[PDB]
Structures are given as C-alpha cells and as structure tokens.
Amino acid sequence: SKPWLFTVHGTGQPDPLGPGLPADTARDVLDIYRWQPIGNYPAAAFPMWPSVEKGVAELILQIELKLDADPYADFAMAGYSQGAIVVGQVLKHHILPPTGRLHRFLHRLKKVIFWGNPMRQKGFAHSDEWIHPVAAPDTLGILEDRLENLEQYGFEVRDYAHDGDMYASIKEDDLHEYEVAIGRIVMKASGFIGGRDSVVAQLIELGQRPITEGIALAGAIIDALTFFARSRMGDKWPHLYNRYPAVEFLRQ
C-alpha cells in the first residue's frame, strides 16, 4: 500500500510542518508517500541531547502507530542535522538490533535519508548535486555512537554530507582533538551546569586544559550553533543541502 515517510527537522525548526530540508522533501513526494512529520521535538541547539531524546521517542511512537495500522505499508525515514541523529538513533538502536523495539519492522524499511549527519558512518556519503563537494573518504560523523555496516542491510540509505560541514565530516585522525572533543561534549550534554552529564562535569572528565578554557570554547560553540539555528544568513553555506537528489531517491 501507500508507504509512510517519517521526517525529523534539523536544529532550530520545532514545527514539524514548517520549512526545512526533510519537510520540504516530503512535500515533493506526497503523491507516492504518506507523510508523518515528527513533533513533540524541540529541535533545540542547546541542550541538544535532551532534544534528541524527545525526537527519538516520538519517531519510535509514530512508526509503531502507522505501521501497525497498515501491515502492508513499507516505510522510509528522513532527518537533517539534529534530525539525522534522531533517525540514526532509531535505526541503529531500535530497528537493527535483534531485540530492538522496532526490529519487526526492519523488513519493511526501504529507504533512509540523512543530511548533515553527526552519526554518519565512516566513508559513507552521497553528493547533493549542488555547489558543495561531497565529504571526503577519510571522514565520518563526530559522534562516537555512529552508524556502521549500513551496506550490509536490505534497505537503501542516502547520507548527504559536505566537506565544510565538520560535525558530519570529521577526519578520523582528528577524532580526539580537544576542539572536537568539546564539540561532542556540547552535543551530548544535559545542560551546562548540573548533573553527571553537564558540560562542566564532562569538561572535568576530559581534563587536558584548564576548565576555564573549556568553558569558554563550549560557550562559543553554543553561540555558533545558535547562530545557525535562529539567524537569517545566506542559502549557500556548507551545512545546507540541495534536496532534489533525495527527492529522486524517494521517488525511486
């Protein structure tokens, strides 16, 4: 029957139906897919990880709903930036594992799309046929919990990533460089100050350099992530993507 398309926006777009790469895409294939935008998802720049957890919970919930309702319906997923983390977490830890909550839907998953993916598998990337060069072969997602062995499954994946989009394309050798580590800290933190998962708690565990230096860099990274999330800039930056190859992908 009519397949389902689940979409998760990138940082800064808390409106499921609002403008943005995954929703724009869904709107270009509504003649072949049914569309379920993922809400209850703050798409927050910081703290991001709690935002990710909400998006993950909602994506899992919705998948179960639509797919239990129509057993003959296959599905696809599409996520951008923070949205790519949400889709990536659901795939890796809820669909793929032999006892994952969504594992019974694995045989029904046909296509997954990531743009600007912090969990992007090493050396796995596709061009968006645009003004930016595809991410290089020795780069991967910044996050340590990243996708692996995607080519080993029946579904097909598109992971669009530009060099210049650093968190989507870190060089393997740079993975534990200080600036990179603090970037990972910011993305995983529950908040700046608070419990075991705060930026400050993580900075202490990291060590290497004075705490004050780590606080300052974390702040500056947060100021920049916020700048991308909620600021009118041009439409030709590397963290942005042309959605059409992904459209021609969904359309098969």
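Quick note: we count residues from 1 along the sequence shown, nothing fancier.
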As stated in the PDB record, which stretch has the larger average Cα B-factor, 148-156 or 80-88?
-> 148-156
As the entry reports it, the stretch among 215-223 and 56-64 with higher mean C-alpha B factor is 56-64
Which of these, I170, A135, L102, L143, has its C-alpha atom at the highest B-factor, as the entry lists it?
-> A135
The largest CA temperature factor among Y178, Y72, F75, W115 is found at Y72
Within this chain, which third does the Cα B-factor at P37 fall in: lowest, middle or highest?
-> highest
Could you say whether, by C-alpha temperature factor, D28 belongs to the lowest, middle or highest third of its chain?
-> highest
Please place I131 in the lowest, middle or highest third of its chain by C-alpha B factor as given in the entry.
-> highest
Taking the values exactly as deposited, rank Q13 by C-alpha B-factor within its chain and report the matching third: lowest, middle or highest.
-> middle
